[PDB]
Amino acid sequence: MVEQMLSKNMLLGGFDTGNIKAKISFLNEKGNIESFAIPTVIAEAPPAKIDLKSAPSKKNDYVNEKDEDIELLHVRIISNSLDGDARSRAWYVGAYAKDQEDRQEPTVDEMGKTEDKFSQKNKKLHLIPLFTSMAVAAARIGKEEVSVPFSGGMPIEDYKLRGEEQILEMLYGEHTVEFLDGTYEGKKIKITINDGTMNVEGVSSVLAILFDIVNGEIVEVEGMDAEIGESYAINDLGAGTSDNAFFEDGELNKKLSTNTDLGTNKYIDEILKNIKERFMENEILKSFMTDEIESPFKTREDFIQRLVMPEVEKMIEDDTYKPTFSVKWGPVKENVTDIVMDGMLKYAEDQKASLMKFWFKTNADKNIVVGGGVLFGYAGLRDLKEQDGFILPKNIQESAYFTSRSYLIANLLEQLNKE
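Residues numbered from 1 in each chain as written, not as in the entry; some residues may be left out. Heavy atoms only, no water.

Regarding how it was determined, this PDB entry cites X-ray crystallography in its header, along with a resolution of 2.000 Å.

### Details of the overall build of the protein chain
To keep it simple, the criterion reads: In DSSP terms, a helix is any run of H or I states spanning at least four residues, a strand is any run of E spanning at least two, and both are numbered starting from the N terminus. Using C-alpha atoms as the atom set, the radius of gyration is obtained and then compared with a globule rule of 2.2 Å times the number of residues to the power 0.38. Think of it in three bands: with a 1.4 Å probe and only protein chains considered, a residue is buried below 20% of the maximum accessible area for its type, exposed above 50%, and partly exposed in between.
Secondary structure assignment for the protein chain yields 13 helices and 21 strands. Here the protein chain has a C-alpha radius of gyration of 23 Å; the compact-globule value for 419 residues is 22 Å, and the two agree. Judged by the C-alpha coordinates and their principal axes, the protein chain covers about 65 × 55 × 50 Å. A total of 419 residues make up the protein chain; the buried ones form 50% of that total.

### Quick word on a nonpolar patch on the surface
As a reminder of what qualifies: Patches in this entry comprise residues that are over 30% relatively accessible and not in a salt bridge; like charges within 9 Å are linked, as are nonpolar side chains (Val, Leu, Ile, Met, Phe, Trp, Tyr) within 5 Å. Working definition of accessibility: Shrake-Rupley area with a 1.4 Å probe, residue cover restricted to the visible protein chains. Take a side-chain nitrogen of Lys or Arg and a carboxyl oxygen of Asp or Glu: if they are within 4 Å of each other, that pair is a salt bridge.
Nonpolar side chains collect at one region of the surface, where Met1, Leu413 and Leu416 lie side by side and expose about 280 Å² of accessible area between them. One can find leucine 416 in helix α13 (residues 402-418). Classification of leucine 416 by relative accessible area gives partly exposed; the value is 30%.

### A few points about the side chain of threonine 176
Where we set the bar: In what follows, a contact means two residues having at least one pair of non-hydrogen atoms within 4.5 Å.
Mapping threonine 176 onto the fold places it in strand β9 (residues 173-179). Among the residues examined, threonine 176 registers a relative accessible area of 14% and is labelled buried. Contacts of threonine 176, omitting those with residues within four sequence positions, involve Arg76, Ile77, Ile78, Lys188 and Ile189.

### Let's talk about the packing of aromatic side chains
Defined as follows: When the centres of two rings from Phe, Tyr and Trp lie within 6.5 Å, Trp using its six-membered ring, the rings pair. Their planes under 30 degrees apart give stacked, over 60 give edge-to-face, and anything left gives tilted.
For the structure shown, the criterion picks out nine aromatic pairs. Seen in terms of ring centroids, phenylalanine 15 and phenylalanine 150 are 5.3 Å apart; in terms of plane orientation they differ by 10°. Their pairing is stacked. Of this pair, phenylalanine 15 sits in strand β1 (residues 13-17) while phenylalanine 150 is found in strand β8 (residues 150-154), placing the two residues 135 residues apart along the sequence. Each of the two residues, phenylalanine 15 as well as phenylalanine 150, counts as buried.

### A word on unusual backbone geometry
Looking along the chain, the bond that leaves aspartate 109 and enters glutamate 110 is cis, with omega of 0°. Along the chain, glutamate 110 turns up in the loop between α3 (95-98) and α4 (123-140). One non-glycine residue, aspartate 249, lies in positive phi territory at about 55°. Looking at the secondary structure, you find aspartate 249 in the loop between β15 (242-248) and β16 (251-252). Accessibility expressed as a relative area gives 65% for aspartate 249, which makes it exposed. Positive phi, normally seen in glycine, also occurs at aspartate 291, with a value near 65°. Here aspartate 291 lies in the loop between α8 (283-289) and α9 (300-317). With relative accessibility at 75%, the residue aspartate 291 sits in the exposed group.

### Description of the domain arrangement of the protein chain
Condition: Throughout, the edges of the domains are those of an automatic or database domain assignment. Note on terms: buried area is the combined drop in 1.4 Å-probe accessible area of two parts once they are placed together, counting the loss on both.
Domain boundaries assigned for the protein chain yield domain 1 (2-219 + 401-418) and domain 2 (226-392). Averaged C-alpha coordinates put domain 1 and domain 2 at centres separated by 30 Å. Each side of the interface is counted separately: domain 1 has eight residues, and domain 2 has nine residues. In this assembly, domain 1 packs against domain 2 so that about 650 Å² is buried in total across both faces, 88% of it on carbon and sulfur atoms. Considering only the surface of domain 1 that becomes buried against domain 2, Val203, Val206 and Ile209 emerge as the three largest contributors, covering 56% of it. Across the domain 1-domain 2 interface, the total number found is zero salt bridges.

### A short note on the pattern of salt bridges
All chains considered together, the criterion is met by 24 salt bridges. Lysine 49 serves as the salt-bridge partner of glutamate 185, at 2.8 Å between the closest nitrogen and oxygen. Here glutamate 185, found in the loop between β9 and β10 (188-193), pairs with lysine 49, found in the loop between β4 (42-45) and β5 (73-79); they are 136 residues apart in sequence, far enough to count as distant. In this structure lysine 49 comes out as partly exposed when scored by relative accessible area, which is 34%. We note a salt bridge from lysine 418 to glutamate 414, for which the minimum N-O separation is 3.7 Å. With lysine 418 and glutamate 414 both in helix α13 and four residues apart, the pair spans about one turn of that helix. A single network of salt bridges, built from pairs that share partners, joins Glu34, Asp67, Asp69 and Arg140.

Set out below in structure tokens:
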């Protein structure tokens, strides 16, 4: 049934419109969930491709990365959701738009309380990356005409402004996206939106913890035993902040919910410092790098992606696996397992104190952790699983897309309900 559904001229996705990023999760041709993010950045572009370009054309052949098809987004979008002017022009979108002086990004006036995404002045900032994300997925699954049942969500504040059916009404109709450059150059995707659903941003994320879609099948992720109407604390552990959200009766509790400066950043910085300190105990490093500023990692993200993530994946697969963090700096390798594990567990313990306190303040039925911090702090945080009601999602690696995946699952269930 899902097979028959997906083989038609259609795209089944979940669309998460954030201020920084447009995220999408969709079912690809193997019926698996596929996700990417397009930064919410646009810039006015020439009507046809330009030859003066900010790199040699053959650069990506010395490059090791995924989602190459969104590195260069130069599109023409025809839609009645856009005003006449935007509709008339081509656009640079996402990463490629970052490198333009006349780029346009979301702002926040007139101190720091975020703006309305779909006002007449703001809407093109968010529609262009949304439609572009739809077009890229449609391109990926080899379909130039797609019916797109819209499944999105908005935070509760916009309910004082809009209405779900107003968002959907903006989106209904026909839209074309023509790629003028990059991977899909020459392709024109025709998007028809006839119907849709809007979901509760925030507590919807429960769906993505409870369910996955694998080869067309909805499967129950083992980890959380959900009873209907129970309260959820969702703690989003990030690089610079932690967000402690409490949901009761399907609504965010603003009074109890809060956010702090407890991030992974300072813990990682300390680890990076200690890692260098240890290499400088090595005699080869003494010979050639005494009194020098350089170090084996570029950024915190470099350290996360290259050193930490491969080991944590193995830990997540196998509770008995004992990790080894081995850094190579030029030709020299050092075992720094003690240094990394120290920072990981120090972070875990500080999060423990925070998470346990929030649990008692809310008396949440389920206490859930998500975010990159769970991955960094996994070696310690997984101990909290002994607390009944504490949930460390099996698919924590997909945290960035829990919102879009939730929409996607809701969208599949909706289409199946149609029969």
